[PDB]
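**Q** experimental structure and sequence below, a few questions after.
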Amino acid sequence: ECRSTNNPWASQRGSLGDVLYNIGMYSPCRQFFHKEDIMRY
Amino acid sequence: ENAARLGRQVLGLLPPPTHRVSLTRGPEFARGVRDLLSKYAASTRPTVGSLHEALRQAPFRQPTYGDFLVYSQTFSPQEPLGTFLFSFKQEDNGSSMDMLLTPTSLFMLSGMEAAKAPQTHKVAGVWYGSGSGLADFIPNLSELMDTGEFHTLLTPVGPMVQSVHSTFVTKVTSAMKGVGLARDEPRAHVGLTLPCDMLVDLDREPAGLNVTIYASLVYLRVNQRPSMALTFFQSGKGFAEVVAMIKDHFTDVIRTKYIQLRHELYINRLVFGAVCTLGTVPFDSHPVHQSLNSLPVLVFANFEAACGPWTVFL
Amino acid sequence: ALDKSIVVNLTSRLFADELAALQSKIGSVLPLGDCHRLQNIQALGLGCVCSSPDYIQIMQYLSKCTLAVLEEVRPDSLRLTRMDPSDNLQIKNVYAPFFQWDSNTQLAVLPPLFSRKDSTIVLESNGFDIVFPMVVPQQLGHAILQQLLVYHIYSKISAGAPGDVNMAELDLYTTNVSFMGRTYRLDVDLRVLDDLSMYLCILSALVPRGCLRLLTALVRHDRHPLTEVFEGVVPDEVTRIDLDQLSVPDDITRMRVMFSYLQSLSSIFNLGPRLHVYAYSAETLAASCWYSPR
Amino acid sequence: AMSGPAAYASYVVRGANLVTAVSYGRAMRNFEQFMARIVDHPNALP
Amino acid sequence: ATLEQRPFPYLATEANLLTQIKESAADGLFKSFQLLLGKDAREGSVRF
Amino acid sequence: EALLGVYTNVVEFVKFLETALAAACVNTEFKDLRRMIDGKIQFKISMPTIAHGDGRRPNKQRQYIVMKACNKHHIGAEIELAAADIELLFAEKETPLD
Amino acid sequence: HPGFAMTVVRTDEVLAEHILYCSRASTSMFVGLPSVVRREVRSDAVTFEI
């Protein structure tokens, strides 16, 4: 609660972490950035 | 008195009873295995009475069920019991879980118009949000509709029989051959169910013990981007006539495709559709119209399922 | 309920080397001459036709034949199991070269076209050499052939004129087969495919005349409307053929010859001695299936 | 070491003869024994 | 339009009111026996 | 002539009721599962609560009735028997055997 | 050293032995009478299915 975000480079609504990791092989970082995946969990 | 004569023709034409061998008690396992072995040994000897006991056998066949293990994000909990199943096997190295494509799910992977299929888009808008979780697994819904290799990957399976739907992983049981019965012991005829929006019925014409059901997967391009289409057909006309009847249905699609591809036309673009054979329906069994939350869904009785290869038509 | 067991006796015992080679191929689809149960060794395998091979004479034979599966190899004899239409069995993946089957596929039964080590087992206890067919999944079973049909054609142009074919470009795109995300490097040193390449090229020149001669006769008010669309896919040079340079008795025998190479070439690729696998274990190699003819 | 049954437990068909004659003096003697157990043994009740 | 054209039209509309009247699957049926697990066999075991 | 030594393996056989996994189960011998209604064996729940009075106000006695489903399980086994033994142990001529 | 820092995510599988506690009398079992289907008949031998 002292600061809102550690980095808004990955936490942004238009963050490129969403751009990289939303779109055949394995995807490790997909589990944190994909918004619609989080609703399954 | 004459009904007592019919009480003998019934009780002499019944099949023999299936042997019940109790595996919980001790001296009732001895009396049950012995009456297998004392009764099979008199179905092998060359006398006339032992040949009399070998003729009463009634060989009724049983279907062959498949055990599929699906993500719950790609298979909706609201699916009518008897929905058809397409498998998808693009990559093998994972081999963890399986993709099963109901026709109301494959409607979202195509991107085909909601004016061609008016009712089933609203139902595919509530069972799936935007078709993302269905299409998160295929990175080639733009390169399998150009090169024309989507029909080579689907293998039709059969209707739903049993689905233990969980939160994360859905376990689905199908019926591949034969009449689709529920595997559990109150065996009910789970027949194949299709929405009335997808199925296009073709029909003095003779009828056999057969009216088949075909699956056509048609490539097209809407909004100058690749997007296939899938319809179901039903006629007992023989394979030479139905291929002539499907091309009449898609005259307005072949014309309006090659106008869009008039200038650039690569060799991979030429493949158009493919027709499978999903199974047979016996004539004298009409389909019953049924509404589900509202979706007009046909239900077939005694749909015994078969499988044919995809054959390209154009 | 019903008996399906084809006991193949042998006039002499098998060798200690010859026994163990058949112990490996204990789940194996074999063609077989007749359906009854007491047969000799000369009835099994493709050695009745293949022991200088030809393609179409084996491919048409595999439709008309009675297929059967090994179950037991004792020393003095064999024992098989006849395979009926819509009959559940249990096949083992044993075929050399290995192709890695998958569940929910459609296995097709093809003639062998690789070497004489992978295909046959040479027995010398009796004087017969049993030949195993080529059981490959159907989508891979045609990509393994339509690329070697390419190799057999371009290896005949470079024999007549070597300056037209690049050898380094040839074996970079033909000897690799990509299916199910896997790459299978095939083994090629082809007198098997000398029936297709003389049927597919003898059809290669009759089609540009045959589709113009069939369009100039079928022009009328009652033309089917989709043929107006495919009236443009035909090239520019094909629509400049003078059909007057051949006589009317010659243009009959360039259709009746042409229509026979259209059908008989189409029939052997739509042959259906295939079988639908519904369970497969990748490390035990045992697969359940059901046979389905045509 | 622990102790269990030797065989699977089998079901028993009860309710065959309902005997329908049931009298009032026997019903009052049964009802006094039924209500007295709640004072005596609340967990063990016939 | 399938309720009327099927024969026995009065028994058809009456037997197709079971879907409104039915609340548990032992609704119209009587009770005859009991299948205990024993002689009293619990207050908590499954009785048939 | 000379002797021949035979050694046979000894395998401990499994009975389910003997293994102590069956302390987590009630094992009921039954006859006929053909006759149960689908997805339903109802069982009624009664949960008692504390007596009234003196500043103690409970959420008075609630009763569920919850219908739960039996879950089917399929078990397959194969027995192979030689036809010589079945035929010699049962003959029309009931004279004894060597 | 360029101006931006960076973070790294790695996964890792672990084979893990487990302990399963079960309580007394939690599930009730039933037994049906098993049926003897016969199949794969031969003059040499007979196979059964239970």
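**A** Cool, got the structure. Numbering: from 1, shown residues only, chains lettered A, B, ... in the order given.
**Q** use CA for all of it now, contacts and neighbours both
**A** Will do.
**Q** which residue ranges of the stretch 151-300 of chain B form helices?
**A** B:239-249, B:251-260 (DSSP state H, counting those that start in this stretch).
**Q** same question for chain A.
**A** Taking DSSP state H to define them, one finds helices in chain A at A:16-21, A:30-33, A:35-40.
**Q** now for those helices, which one comes closest to chain B?
**A** helix A:35-40 (7.6 Å; C-alpha to the nearest C-alpha).
**Q** what does chain F put close to chain E?
**A** Contacts of chain F with chain E, taken as C-alpha under 8 Å from any C-alpha of the partner chain, map to F:28, F:37.
**Q** can you name the residue of chain A nearest chain C?
**A** Closest residue of chain A to chain C, C-alpha to the nearest C-alpha: residue A:24 (9.8 Å).
**Q** what sits up against the lengthiest helix in chain D?
**A** Taking DSSP H as the criterion, chain D has its longest helix at helix D:24-35. The contact list for helix D:24-35 (C-alpha atoms under 8 Å, 6 or more residues apart in numbering or on different chains) reads D:45-46.
**Q** what about that helix, distance to the chain center?
**A** Centroid separation for helix D:24-35 versus its chain: 14 Å, with C-alpha atoms, centre = their mean, to the nearest Å.
**Q** what do you get for stretch A:9-20?
**A** Worked out by C-alpha atoms, centre = their mean, stretch A:9-20 lies 6 Å from the chain centre.
**Q** I'd like to know the beta-bridge partner residues of the residue nearest the centre of chain F.
**A** For chain F, the residue nearest the mean C-alpha position is residue F:27 (5.7 Å; C-alpha atoms, centre = their mean). For residue F:27, the beta-bridge partners under DSSP bridges are residue G:29.
**Q** quickly list what the residue of the stretch 201-314 of chain B at minimum distance from chain G is bridged to.
**A** Using C-alpha to the nearest C-alpha, the closest approach of the stretch 201-314 of chain B to chain G is made by residue B:304 at 22.9 Å. Under DSSP bridges, the beta-bridge partners of residue B:304 are residue B:179, residue B:280.
**Q** the strands in chain G, which residues?
**A** G:27-29, G:37-39, G:45-49 (DSSP state E).
**Q** one step back: the helices of chain A: which one's closest to residue C:25?
**A** Among the helices of chain A, helix A:30-33 comes nearest to residue C:25, with 45.7 Å by C-alpha to C-alpha.
**Q** list the buried residues for the closest one?
**A** Within helix A:30-33, the residues scored as buried using 16 or more other C-alpha atoms under 10 Å in any protein chain shown are A:30, A:33.
**Q** return the distance of that helix from the chain's centre.
**A** Put simply, helix A:30-33 sits 5 Å off its chain's centre (C-alpha atoms, centre = their mean).
**Q** who's in contact with the residue nearest to the centre of chain F?
**A** By C-alpha under 8 Å, 6+ apart, the contact list for residue F:27 reads D:8-9, G:28-30.
**Q** and the stretch 201-314 of chain B, which of its residues are near chain C?
**A** B:251, B:254-255, B:258.
**Q** tell me the residue of the stretch 51-200 of chain B that sits nearest chain D?
**A** The nearest approach of the stretch 51-200 of chain B to chain D comes at residue B:185, 20.8 Å away (C-alpha to the nearest C-alpha).
**Q** residue contacts, that residue?
**A** Counted by C-alpha under 8 Å, 6+ apart, residue B:185 has contacts F:33-34.
**Q** what's opposite residue C:69 in the beta bridge?
**A** As for beta bridges, residue C:69 partners with residue C:29, residue C:81 under DSSP bridges.
**Q** so what's the residue count around it?
**A** With neighbours defined by other C-alpha atoms under 10 Å in any protein chain shown, the count for residue C:69 comes to 24.
**Q** what about it, distance to residue C:41?
**A** Going from residue C:69 to residue C:41 by C-alpha to C-alpha, to the nearest Å gives 15 Å.
**Q** can I get the contacts of residue F:27 in TSV including distance to residue F:1 and neighbour count?
**A** Listed next are these as TSV, based on distance: C-alpha to C-alpha, whole Å; neighbours: other C-alpha atoms under 10 Å in any protein chain shown:
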residue	distance to residue F:1	neighbour count
D:8	53	17
D:9	56	15
G:28	61	13
G:29	58	15
G:30	57	15
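**Q** closest to chain E out of those?
**A** The shortest gap between chain E and any of those belongs to residue D:9, at 7.0 Å (C-alpha to the nearest C-alpha).
**Q** excluding chain neighbours, what is closest to that closest one?
**A** Spatial nearest neighbour of residue D:9, chain neighbours left out: residue F:28 (4.7 Å); criterion: C-alpha to C-alpha, 6 or more residues apart in numbering or on different chains.
**Q** surely that neighbour touches residue D:12?
**A** No. At 11.4 Å, residue F:28 does not count as touching residue D:12 under the criterion of C-alpha atoms under 8 Å.
**Q** overlap in contacts of those two?
**A** Counting by C-alpha under 8 Å, 6+ apart, the residues touching both residue F:28 and residue D:12 are residue E:37.
**Q** re the thing from before, got the helices of chain A as a markdown table, with distance to chain G columns?
**A** What follows is those, written out as a markdown table (distance: least, C-alpha to the nearest C-alpha, whole Å):
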| stretch | distance to chain G |
| --- | --- |
| helix A:16-21 | 12 |
| helix A:30-33 | 10 |
| helix A:35-40 | 18 |
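**Q** let me know which of the ones you listed is the nearest to residue C:277.
**A** Closest to residue C:277 of the helices of chain A, according to C-alpha to C-alpha: helix A:35-40, at 33.6 Å.
**Q** what is that closest one packed up against?
**A** Applying 3 or more C-alpha pairs under 8 Å, 6 or more residues apart in numbering or on different chains; DSSP states H and E, one finds that helix A:35-40 makes contact with helix A:30-33.
**Q** so what does the helix it packs on touch, helix or strand wise?
**A** Looks like helix A:30-33 contacts helix A:16-21, helix A:35-40 (3+ C-alpha pairs under 8 Å, 6+ apart).
**Q** flag every residue of chain G that's near chain C.
**A** So chain G meets chain C at G:38-42 (C-alpha under 8 Å from any C-alpha).
**Q** apply 6 Å and report the result again.
**A** Contact residues (C-alpha under 6 Å from any C-alpha of the partner chain) of chain G with chain C: G:39, G:41.
**Q** what residues does chain G put near chain D?
**A** Residues of chain G lying close to chain D (C-alpha under 6 Å from any C-alpha): none.
**Q** state the distance from residue C:239 to residue C:233.
**A** Distance from residue C:239 to residue C:233, by C-alpha to C-alpha: 11 Å.
**Q** any shared contact partners between these two?
**A** The contact sets of residue C:239 and residue C:233 do not overlap (C-alpha atoms under 6 Å, 6 or more residues apart in numbering or on different chains).
**Q** between those two, which one's more packed in?
**A** Taking residue C:239 and residue C:233 together and counting by other C-alpha under 10 Å, residue C:239 has the greater number of neighbours (14 against 11).
**Q** wait, is residue B:86 part of a strand?
**A** Yes. Residue B:86 forms part of a strand when assessed by DSSP: H, G, I helix; E, B strand; the rest coil.
**Q** surely it and residue B:104 touch.
**A** No. Applying C-alpha atoms under 6 Å, one finds residue B:86 not in contact with residue B:104, separated by 11.3 Å.
**Q** out of those two, which sits in the more crowded spot?
**A** Taking other C-alpha under 10 Å, residue B:86 and residue B:104 do not tie; residue B:104 has more neighbours (23 against 17).
**Q** for the more buried one, helix, strand, or coil?
**A** Residue B:104 ends up helix, using three-state DSSP.
**Q** the one residue sitting closest to the centre of chain C pairs with what?
**A** Nearest to the mean C-alpha position of chain C, counting by C-alpha atoms, centre = their mean, stands residue C:110 at 3.6 Å. Beta-bridge partners recorded for residue C:110 (DSSP bridges): residue C:134.
**Q** go ahead and confirm it touches residue C:134.
**A** Yes. Using C-alpha under 6 Å, residue C:110 makes contact with residue C:134 at a distance of 4.7 Å.
**Q** overlap in contacts of these two?
**A** Counting by C-alpha under 6 Å, 6+ apart, nothing touches both residue C:110 and residue C:134.
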